[PDB]
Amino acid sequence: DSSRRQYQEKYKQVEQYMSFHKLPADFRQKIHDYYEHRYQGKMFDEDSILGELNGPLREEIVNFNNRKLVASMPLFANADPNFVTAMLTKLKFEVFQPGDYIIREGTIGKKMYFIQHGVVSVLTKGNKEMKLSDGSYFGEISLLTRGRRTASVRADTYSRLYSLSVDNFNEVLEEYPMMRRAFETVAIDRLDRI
């Protein structure tokens, strides 16, 4: 494929970067593993392709790609499908590796995360650790309160996540103000536990 070729060419550049900066062998291996998991040996100009489409098609694509995730989350499954679409269109796919701190306690929070596939651990001084998996979200509390992160969140497995920025969160909720309650209920219940 032209896409397998693009991936190979891009990763060759990554190897040249890593050698230029004399990254240790095991570090280069970690980066290689990331690239394989994130891109699965194929690359295309996604922003370019999607930008060449129109609104309806982009919305149809994002709804199709996220079918299963949507159905597994009462947040979305039960919602106005236009709210679901507005949310989906703002999501950014990210992949984390085992051990990664996705969120660090006490920092400024600018994103939340929806778990497509993976296991993460929520870590608080007053433990023990609490796990979240497919169909859950986290990082909402800072977005709601503008306070610092209430816990750290560490990937236990390779985790395929979708992030939503605080600005995009606030934009969607300007259009669908009553959907704020869904996030607040989860946040309140979590704050009560910790």
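Quick note: we count residues from 1 along the sequence shown, nothing fancier.
On average the C-alpha atoms of 68-76 have higher B-factors than those of the other stretch, with 82-90 and 68-76 being the two compared.
Higher average CA B factor: 6-14, of the stretches 6-14 and 168-176. Comparing the C-alpha B-factors of 140, 47, 134, 59 in the entry, the top value falls on 47.
Across 146, 128, 154, 38, the entry's maximum B-factor at the CA atom is seen for 128. Annotation for residue 160: CA B-factor lies in the lowest third of the chain's modelled residues. Per the PDB record, residue ranking by Cα B-factor puts residue 124 in the highest third of the chain.
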